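A short write-up of the structure that comes next.
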Ligand code: NA
Ligand code: NA
Ligand code: NA
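Residue numbers (the deposited numbering), protein chains in the order written: chain A, 1 to 639; chain B, 1 to 639; chain C, 1 to 639; chain D, 1 to 29.
Dropping the structure here:
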């Protein structure tokens, strides 16, 4: 034998070696960083239009990257991770220097207690009780360089290159993210084939410049050089692009993930609507929406944000956000009705993408995937049959709580997320640095106003044609027109003119870190993979059945209760975990802060992080069991 | 430089070595295992009265360990961890073999679909809809042998020896756990010095055979060989016992933990009563009891179990539980009132120890410590000033989300718990194997009925004197008398006679694993230590103040809302985290499944697990910061 | 220099490291294991219909997996490899326990000398001279966990996921394996384009419900969701499926392998028909069928099993086999004719798939590939020109016998096979666990009798449609009708009704180990790869030529002698080795125990095992030569 | 536990050492 000290050290060294001896891939970007250029005096420099520049100095007149030297310093700081190198990077509004090639001078500083004059938008000017908005910096840029004790390393795993401005793929994606902004107040029952059950309209009537029927046509018709993303055959596409590729847009498969079981049933996953039966003697049912949080409850009702109230719809509002104006918590929320119980309608069931965007806005990491984990445990969901002490207590003479029970999975959903964020943080900051969809909506507008210098915005030219030739932009300007009649931005100079800016559900828009690699989807992919591994992924949810059809749940007209939907086949653990993975992941896309590529490839990156942890932790147990974890790309694996 | 693969492997090897090079202590029990004996034909064998035997065959007539060979096989199985060795261990009721020294024969098996006849209690006989209760086995016995990737090893950390039946310490502890059973329906406002604010009685009037005033006297007067635990000076006590030692019992310090800040304010920690202010525009306040779970809410109202309804109050009910009768979920809960909102009183505020016992009954691991973590984040609580990117965004030009924000602490509270359970699982199963307080209540009764053989129960003799000489038992028999008038156990033969059994708030009583080392307290200690480390432990909670006194919260008469309590000094993050640590940890003691020693030493074991993880994870970051984590034993440490 | 001891140790350490430093792939199944479910009381459990359950307890009334707990114990035993864990797994017929979730009780045991009453089929009831059939257990389940001194490790190599019940691929495969059962007595001259030479009918006239012309149409027309396997373009298929994919079924390419040279010439490889010229002075020719086994001969005539006599054609016969009834050697064989020499027709030339099924039934591992090796050596076949001492003896002054002659290759064909079996044993038992084609024929029948519970056999529904819509099943029931008129199973209750069971050429059917990964094909692929490596793969076989056409051999009407076939081009060593690889590998498929996927992917797995050994053994020799081993997937490699 | 790769390599190294640690005789004509 060996002393336990040695055995414990050996296993931690074996896990460390196992992690190292796996395939360490090479990180390949789409080369957009230094490809698209613009003009300087007696030469040319890169435009960095296709790069994330949110927080840096943007020209206050043109809304383009003010100084390229700022981005070169921003990039430098990312790779070093030195706190000192962050401090040299200019932030928010700035003045271009008198000597060319030098770093920009930051207008706002520590002695600026009153910051009203620096911003050009009314909202930002009187944001902090009349003082004016504050600067906000980038979030955990050096997290990609942070190591970990378990799972694969952040740079020991990679995502494929982001699609380009010239590509047919991106054109379909920006159109999809654009469409969702105009379809942001649609009732969820509309996002599915009408044969399943009766659909309804959102009780709150909003001005709509786009419907579902139109959106499917636009997404199917949108094309570059006579090629549509959904239409294009395999032969044309690259091995990387062949993987992401989706089919022709259907009422059922619209705005949905490509993970198995996403198509089956309604849009919204049960684990975002249903709860558990009341502890002990049942006072309420699963349709109540109270999760069985041990002896206390979880309310499944999200905070209701005032419908059809999108932000950054004009240039000033957009520019100030892109100049790192801290506008968090300036979005308004519907007040409660004294007559009604359970703080309705202040807190209602997630009825529209807006309410998903709101849920996802403050989601707080792994909440959604823990909640789903809690729901299954309370329901009486079985664990993967490979796991020890799973048989009747009399026969096996052991139950298993500490390491093969609820306790182990409760920690695992939470564990994985942290490793997830670090892994994607590298892909965002140190590799791809893809612009936010809000920025592309920026690029689209500025081009249509003939802004920039020379052939700077020529790359975007191809993109805006398809968006206008499908007739989408014409509806976006109409939607924006009505949004700029709001008193908060009515007097903004840009409100009078046309705006092609993609509406943001949040005043601040996207978080202060690059687009490519989604923080929500990476956590979603990782946390869900752990749940699918541990639980019996096939387990058909016993939500009950009526009239020989297995019942499901979607919200009612005002989200006051759940409307039952009756399907031919029952819902499985796998599908609903994959659906809530997709719901939260695409939940950002509805808010207009992510593309589909950000979701899909993050979900694939997420499972690699999660699988790696499970692989490494298997060295510890001497029971010698098997955990069968299903993947999003077809067949399952045996850990 | 080195390639990232090598650096990542080196850090995981360095963490593994750091863990090994720390002090690996030697595990010392109190030698009770094979000390107390009883008689066999022409010799003597150990009684195993002071050991955990719950689940094994107990003699149906005497309620003592039927065969010592069963315990020797039970012990053997623990140390091996072999699934086959578990299967040989007899469970529940059994028949003593015709040849002596041989293993007992199990009555119940896989062909016993109807198990009514095997049980001697009415409740268990008609438990499973008339079929009869099923056998339940021991929970994760082999978890002590499971290794881990981060933190200290389970056998690389130890707890001091459990107190003995002869000791003054245990006598005070069993009296404390006994008292709590009779004080189980007391309103929490009573568990504090009355000078702070107006106290109240529980709206539900229960027959009480013991009051607070009496309980303090009993705990202060109870003594062995003219020595009281709280009275005894340092000189008399051992270095291990000097640490646990508490002061003379006060109205303020009664049934409370010895962690700093437990004495200050009411009994119940705020993080078990208060919530967050409503997201965005405030529709309700913190006194509401809705935690700011991102965009959804957490209900702080526990399920209300029918008051003054304790179980295992007679021999039959006690014996069947001790014979591993699965009675989970047979406890009844108060129905809701249609007229009232928020499912009242079915779901009410934690008003009595019963409601804490109920909360803790299904607590689901780290819920309480995550909830507390969520509350602080929503409040706007500051992190430990050592942590990077903590200064204004403009100055430092970075915020930190992924690794130095909410995300990192959210995973850490959840992370630590799993490592905690494995560490204590060893101390329970492989080392101390201390009997449950319910078992000691068993030993007390059987002695007072002159059960057992020869000088078997002589060890307990000394214990029962002090309990009777304080006049406690006389009140326990009176409490039990009224409890056995219930129709569910009225017709049980033992109901007619006197019962000295400690009432259990759960029908099944303690979980199927030994007493010493508390699973709740180990998680509590570990999770709270992580919170204290990350957050500014000193941060005075801004709950508001009225009349120049800082306001606090305790429940009202029916737990319909929070009653404000006004203190001279404000509550700190440290104290309330230490109080919720103690609340949940002692929450078991109220249910009657743990002693104080199980709490205190687990809280100390818990922080060692947590600190060890933090120490190891510090190798990853290159920022070079400092986390100042305060300890329960005075001064703070710098990680 | 180094001492030889050190050099010898270094090379064995270098080989060990080389093996480890190669790509270790991750084992991915199709997730069918826990996907398809059925109903239990108040819940749902997995059906394990798509898993190998042969030997376990099958319900005697429905013919489905009796208890899922048995499979969970069966799986557990596989992964542990513990002899004790095998013994707990119930075998053959069993009684479902009174408590649910418990292990089944085995009817047959060691005190059952007379086992007539346990079986439901006449054949099995009077199998062991009236005593009744015995139980048979699973074959080398723990061989996947066995290590090796040379070649790649069993878990250091993997096969792609098995096709699913829903898939178009499987539907084409089961139709192919079904067709072969009805075409089992076809003369081999029919399995090729008729332009090559005159075709003939099997002298023994059997009732045929299917012809070649019909079988090609059925295989080309069979489709799922309007998709045929052979018709489907690359774009639709996955990278794994794109590899297996075959072209539209031709008279030449029907039931043939996709290895280069399989299409060229007749179906049956020469090395299964031809022999060598008589040692010294030629008394007979190559058309004789006597292999030059040094100074003795090998008879190429297989034992003739009585034609059109298939087994397990009814439910009882099928069920008893699936309940592990040991029926080995109950198949009857044609008696010899006293008048004729060389024990004819008792021993005849392999004339029909039946005779191949019979050859392959007792093939005894590597016999076929050694025989082929012996034939080439006797013919005067050249070795790969890279090998040392290959030139005229006078010039080079060395011949090479021990290490570069016959001796080295003779051991290599035999060597590789053992490593092959262990490698695939893992893929069968520990990963894929694909049901046998006989089991799917079982699933098809039970569905058509409306057996099982709820939506248990719904997965198979899609499969049986295509089989009936092509009109195949209608012919299978007709074939089965005539087979159940046999007196051995005439009185079996199921004989009266319709049977859709795929006929088995063996009474026992498939061997006691899962379908996916073929033991014959893995050995075939491995052994043939070694032969192709060593010999000059291109070497055009000098069998002679007549009328300016290179002669070949196929059998005559009664397999009394070889009928010559004249082709435009000569046969190469590569093609005929690939053809005998395919012949033996597909030889199982004719018997109805394997699919095409089992052959193709095993042949690819086989070469990886073989190449790995050759790579490792190259460290030993200091001659520094090159062995050019051709692959089945196009180009050759240089070892 | 160890990863199968390591266990498989260790056994092949153990076999190689076992072979070397046996009596290596001197060849006398
Ligand atoms: Na169990
Ligand atoms: Na900050
Ligand atoms: Na030669």
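C-beta: ideal position from N, C-alpha, C; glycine also.
Neighbour list for residue i in chain A, Cβ cutoff strictly below 8 Å
i: residue 6 of chain D; result: 14 and 17
Residue i CB to nearest heavy atom of ligand 1 below 7 Å
i: residue 72 of chain C; result: no
i: residue 52 of chain C; result: no
i: residue 315 of chain B; result: no
Residue i beta carbon near ligand 2 (any heavy atom closer than 7 Å)
i: residue 384 of chain B; result: no
i: residue 408 of chain B; result: no
i: residue 393 of chain B; result: yes
For residue j and residue i, the rounded distance between their alpha carbons
i: residue 535 of chain B; j: residue 381 of chain B; result: 7 Å
i: residue 166 of chain C; j: residue 47 of chain C; result: 16 Å
i: residue 348 of chain A; j: residue 306 of chain A; result: 12 Å
i: residue 575 of chain A; j: residue 528 of chain A; result: 10 Å
i: residue 143 of chain C; j: residue 581 of chain A; result: 39 Å
i: residue 160 of chain B; j: residue 280 of chain A; result: 38 Å
i: residue 107 of chain C; j: residue 261 of chain A; result: 42 Å
i: residue 198 of chain C; j: residue 95 of chain C; result: 58 Å
Residue i CB to nearest heavy atom of ligand 3 below 7 Å
i: residue 535 of chain C; result: no
i: residue 625 of chain C; result: no
i: residue 399 of chain C; result: yes
i: residue 426 of chain C; result: no
Residue i: contacting residues in chain B (beta-carbon distance under 9 Å)
i: residue 84 of chain C; result: 84
Per-residue contacts from residue i into chain C (C-beta, under 9 Å)
i: residue 326 of chain B; result: In chain order: nothing, as chain C lies at least about 13 Å away.
Under 7 Å by beta carbon: chain A residues contacting residue i
i: residue 2 of chain D; result: 14
Amino acids of chain D, ordered along the chain, whose beta-carbon sits closer than 8 Å to that of residue i
i: residue 9 of chain C; result: 16, 17, 19 and 20
Neighbour list for residue i in chain B, Cβ cutoff strictly below 8 Å
i: residue 103 of chain C; result: 110
If we require 4 or more residues per run, which alpha helix (DSSP H) segments fall completely within the stretch 411-492 of chain B? 437-448, 458-469, 472-483 and 487-490
Residues in the stretch 20-48 of chain C having any Cβ partner in chain D nearer than 7 Å: 20 and 24
Using a Cβ-Cβ cutoff of 9 Å, what residues of the stretch 307-323 of chain B are near chain A? List them in chain order. none
Could you pull out every unbroken beta strand (DSSP E) segment of at least 3 residues lying fully inside the stretch 526-592 of chain B, listed in chain order? 549-555 and 562-567
According to a CB-to-CB cut-off of less than 8 Å, which residues of the stretch 136-155 of chain A neighbour chain B? 136, 137, 138, 139, 140, 141, 142, 143, 145, 146, 147, 148, 149, 150, 153 and 155
Write down every uninterrupted run of the alpha helix (DSSP H) in the stretch 65-114 of chain B whose length is 4 residues or greater and which is fully enclosed by it, in chain order. 68-80 and 83-88
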